[PDB]
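Student: The structure follows.
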Amino acid sequence: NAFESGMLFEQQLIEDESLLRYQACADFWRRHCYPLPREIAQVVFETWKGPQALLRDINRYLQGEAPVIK
Amino acid sequence: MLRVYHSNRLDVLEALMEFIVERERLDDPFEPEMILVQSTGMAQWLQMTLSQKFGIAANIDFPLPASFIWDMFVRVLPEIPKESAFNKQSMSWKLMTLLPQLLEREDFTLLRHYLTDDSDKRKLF
Numbered sequence: 140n141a142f143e144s145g146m147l148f149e150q151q152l153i154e155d156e157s158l159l160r161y162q163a164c165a166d167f168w169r170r171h172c173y174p175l176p177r178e179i180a181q182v183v184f185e186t187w188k189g190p191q192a193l194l195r196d197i198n199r200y201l202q203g204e205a206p207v208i209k
Numbered sequence: 001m002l003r004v005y006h007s008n009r010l011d012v013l014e015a016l017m018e019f020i021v022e023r024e025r026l027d028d029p030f031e032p033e034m035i036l037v038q039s040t041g042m043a044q045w046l047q048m049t050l051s052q053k054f055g056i057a058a059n060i061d062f063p064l065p066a067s068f069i070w071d072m073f074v075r076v077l078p079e080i081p082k083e084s085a086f087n088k089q090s091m092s093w094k095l096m097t098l099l100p101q102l103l104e105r106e107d108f109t110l111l112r113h114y115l116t117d118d119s120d121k122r123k124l125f
């Protein structure tokens, strides 16, 4: 059932969703942490240093269905 | 007139066609003997077997069936072009031309709601 679903006819299949995840998280850390002043960025630096440290504590939340935040 | 020979094995029919050539040779010795096969493997096998059996080869040609039928058309009927105007790429590019005109004719509603969302011609191709 192709037309009403919206599928392409040949699919280059991949299964390694970690490298793209880290590469894209690097861009978010690049564009949403850089232009902060130091007096604000100190508290951000205190909790976690870099994107590699940040991804370890949020990797399991991203997979599958996105949850609902209280 | 038409002939049909059922077969269990193939070498006996190879001997049968060899016998046919033996009992009757073509009146024009330069006339090519058309032989139809469905595979290049069978083509090479017939080449090697017939060359080994006769010692040599004599006016042997192996065209694929569609090419043979086209060769029959071009000699039986006039005005026929040498090759078709309808090939698997020609319809592809012509449908590339003709789909955008025929969008929204009240019959292609599913095609419109699938294709017109967002694309860079890949889905259209």
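From first to last, the protein sequence lines stand for chains B and C. Basically the entry's author numbering = 1-based index in the first sequence + 139. Residue 50 in the entry's author numbering sits at position 50 of the second sequence, with consecutive numbering throughout. All C-beta atoms, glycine included, are put in the ideal place defined by N, C-alpha and C.
Within its chain, find whatever has a CB closer than 8 Å to the CB of residue 193 of chain B; leave out the 5 residues flanking it on each side and keep chain order.
Tutor: Locating residue 193 of chain B in the first sequence gives position 54, where the first residue counts as 1. Once the five neighbours on either side are set aside, the close Cβ partners of residue 193 of chain B are 164, 168 and 187.
Student: Any idea what DSSP makes of residue 178 of chain B, helix, strand or coil?
Tutor: The sequence position of residue 178 of chain B within the first sequence is 39, counting from 1. In this structure, residue 178 of chain B counts as helix in the three-state DSSP scheme.
Student: Buried or exposed: which applies to residue 50 of chain C, given that a residue is buried once 16 or more other Cβ atoms fall within 10 Å of its Cβ?
Tutor: Locating residue 50 of chain C in the second sequence gives position 50, counting from the first residue. So residue 50 of chain C counts as buried.
Student: Please list, in chain order, the chain C residues whose beta carbon lies closer than 7 Å to that of residue 147 of chain B.
Tutor: Within the first sequence, the letter at position 8 stands for residue 147 of chain B. Residues of chain C with a Cβ closer than 7 Å to the Cβ of residue 147 of chain B are, in chain order, 123.
Student: CA-CA distance, residue 9 of chain C and residue 3 of chain C?
Tutor: Numbered from its first residue, the second sequence carries residue 9 of chain C at position 9. Numbered from its first residue, the second sequence carries residue 3 of chain C at position 3. For residue 9 of chain C and residue 3 of chain C, the distance between alpha carbons rounds to 18 Å.
Student: Are the CB atoms of residue 36 of chain C and residue 68 of chain C nearer to each other than 8 Å?
Tutor: Position 36 of the second sequence, counting from 1, holds the residue named residue 36 of chain C. Position 68 of the second sequence, counting from 1, holds the residue named residue 68 of chain C. The answer is yes: Cβ separation under 8 Å.
Student: Check distances from the C-beta atoms of the region 95 to 124 of chain C to those of chain B and list, in chain order, the residues that come in under 9 Å.
Tutor: 110, 111, 113, 114, 115, 117, 122 and 123
Student: For residue 155 of chain B, does the three-state DSSP call read helix, strand or coil?
Tutor: By one-based count along the first sequence, residue 155 of chain B stands at place 16. Three-state DSSP puts residue 155 of chain B in coil, outside helix and strand.
Student: Between the Cα of residue 14 of chain C and the Cα atoms of C:1, C:31, C:42 and C:123, which residue gives the shortest distance?
Tutor: The residue labelled residue 14 of chain C in the question sits at position 14 within the second sequence. Selected option, being the one with the closest Cα: C:42.
Student: Measure the C-alpha to C-alpha separation of residue 175 of chain B and residue 182 of chain B and round it to an integer number of angstroms.
Tutor: The count along the first sequence starts at 1 and reaches residue 175 of chain B at position 36. The count along the first sequence starts at 1 and reaches residue 182 of chain B at position 43. For residue 175 of chain B and residue 182 of chain B, the gap between their C-alpha atoms comes out near 11 Å.
Student: CB-CB under 7 Å to residue 115 of chain C, same chain, minus the five flanking residues each way: which ones, in chain order?
Tutor: Start at 1 with the first residue of the second sequence, and residue 115 of chain C comes out as number 115. If the five residues before and after residue 115 of chain C are omitted, its C-beta is found closer than 7 Å to the C-beta atoms of 123 and 124, all from its own chain and listed in chain order.
Student: Going by DSSP, what residue range makes up the alpha helix (DSSP H) through residue 17 of chain C?
Tutor: Taking the first residue of the second sequence as position 1, residue 17 of chain C is located at position 17. Here the alpha helix (DSSP H) through residue 17 of chain C covers 11 to 23.
Student: Let's see if you can read the secondary structure: which residues bound the alpha helix (DSSP H) around residue 6 of chain C?
Tutor: By 1-based counting over the second sequence, the position of residue 6 of chain C is 6. Note, residue 6 of chain C: premise wrong, no alpha helix (DSSP H); not H, not E.
Student: Give the residues of chain C in contact with residue 142 of chain B, contact being defined as C-beta atoms less than 7 Å apart.
Tutor: As a working note, residue 142 of chain B is residue 3 in the first sequence. Within 7 Å Cβ-Cβ: 110, 111 and 114.
Student: Using 8 Å as the threshold, is the C-beta distance between residue 143 of chain B and residue 110 of chain C below it?
Tutor: The sequence position of residue 143 of chain B within the first sequence is 4, counting from 1. The sequence position of residue 110 of chain C within the second sequence is 110, counting from 1. A contact, by the Cβ cut-off of 8 Å.
Student: Using the three-state DSSP reduction, which class does residue 61 of chain C fall into: helix, strand or coil?
Tutor: Along the second sequence, one-based indexing puts residue 61 of chain C at 61. Strand.
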